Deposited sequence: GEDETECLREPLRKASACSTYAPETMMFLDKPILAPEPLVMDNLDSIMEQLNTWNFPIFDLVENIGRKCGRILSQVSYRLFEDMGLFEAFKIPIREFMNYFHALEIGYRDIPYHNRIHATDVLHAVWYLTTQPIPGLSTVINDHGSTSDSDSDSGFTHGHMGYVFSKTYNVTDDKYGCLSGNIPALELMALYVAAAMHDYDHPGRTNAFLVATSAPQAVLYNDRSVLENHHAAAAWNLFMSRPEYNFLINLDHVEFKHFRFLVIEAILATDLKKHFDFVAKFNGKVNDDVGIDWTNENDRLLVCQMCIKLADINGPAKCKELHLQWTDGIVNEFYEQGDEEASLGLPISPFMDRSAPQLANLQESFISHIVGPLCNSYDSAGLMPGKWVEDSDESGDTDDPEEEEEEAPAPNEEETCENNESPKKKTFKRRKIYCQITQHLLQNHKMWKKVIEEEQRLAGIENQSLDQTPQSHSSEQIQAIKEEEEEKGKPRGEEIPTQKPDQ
């Protein structure tokens, strides 16, 4: 039973909203409402728009039919859980596209692929698409589309503690990420109609698969500090980032996908609050399952005593904060020149959200102390 894509591959009614694909605060939920929750074609349409903008369809002679069929199957694979659904995959794909394509102040540029929304005439800006080969960029985009495939709505710790079959299968080593990559590649290789990489040679296909698997496995938060330390050590080196080195480019792509996977706190207030609501709903479901199983309820997963503000503040200060700081210090953070200083929307939004959470925590503590 092959899950073939709907006959209209391109939806014209979305052509307006896709025009806002060039801004960081993309109204993705409005796109979900426009497309419809039943069909769930958001990821396929967004991926098609991004591939057209890059031109990877003509660069690699990618067949449209196979690409659309496989991405529709990938959309179907995502479960209807509050956070790790196809909406999150679309958001991560849009974020990696934004990070790779949008101008970066002071980034020197060296086949290669450039977005149609980038101005090559200007010499004061650069983009990661001008330093990363097209094959690696396509691998990064595909991995971002596959980063959380078939997510069960549970964390790695819950699966390990409960001795879930997935945990036993992968020997309690990056259970979620390994499962996502394995399921995505099994789906890709299961049907001939999903093979949109038929025009790649044997060596290129192997390299693409390796890059996609590495990028997917980089999304694990258990190894987050390892990646952060490695990236900081590479950047602080006098040599710096070498774009002619395969390992350095792989590390840069892994950092980009890691930053895009937790980009929620770095958005505007409305998107950040909606993503926080989704993730805390998923946490509450996991905590209810833990209570049913008799295990002690994990922190922040108790619906009776929510700690949403504390969770968000800790996540921003410990996970998102250092990662964004390292990415900006490396010089890969998109921004604009102000007249010379650099203005970044992502960093400003992260600071504003962190201040909001600190204010909420202080207000809650004051209210508790009064009572």
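Coordinate coverage of the deposited sequence breaks at 1 to 30, 141 to 161, 391 to 430, 463 to 503, these segments carrying no C-alpha atoms.
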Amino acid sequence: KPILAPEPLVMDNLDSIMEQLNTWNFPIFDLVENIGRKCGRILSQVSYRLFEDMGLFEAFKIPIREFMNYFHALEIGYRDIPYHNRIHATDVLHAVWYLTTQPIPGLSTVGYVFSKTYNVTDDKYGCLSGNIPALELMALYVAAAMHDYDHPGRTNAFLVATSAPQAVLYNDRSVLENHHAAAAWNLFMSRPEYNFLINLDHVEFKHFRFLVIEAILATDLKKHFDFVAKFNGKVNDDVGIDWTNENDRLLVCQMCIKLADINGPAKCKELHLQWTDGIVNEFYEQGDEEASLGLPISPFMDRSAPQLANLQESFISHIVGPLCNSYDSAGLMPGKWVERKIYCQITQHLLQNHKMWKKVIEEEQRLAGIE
From here on, numbers count along this sequence of modelled residues.
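Note that the rigid core is defined as the largest set of C-alphas that superpose within 1.5 Å between two forms.
Between stretches 271 to 279 and 114 to 122, greater average Cα displacement in 4 other deposited structures of this protein relative to the shown form, fitted by the core, falls on 114 to 122. Once the structures in 4 other deposited structures of this protein are superposed via the core, the pair 186 to 194 and 230 to 238 is resolved in favour of 230 to 238 as the more displaced stretch (C-alpha RMS). Figure legend: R340 is marked as unmodelled in at least a third of the other comparable entries of the protein.
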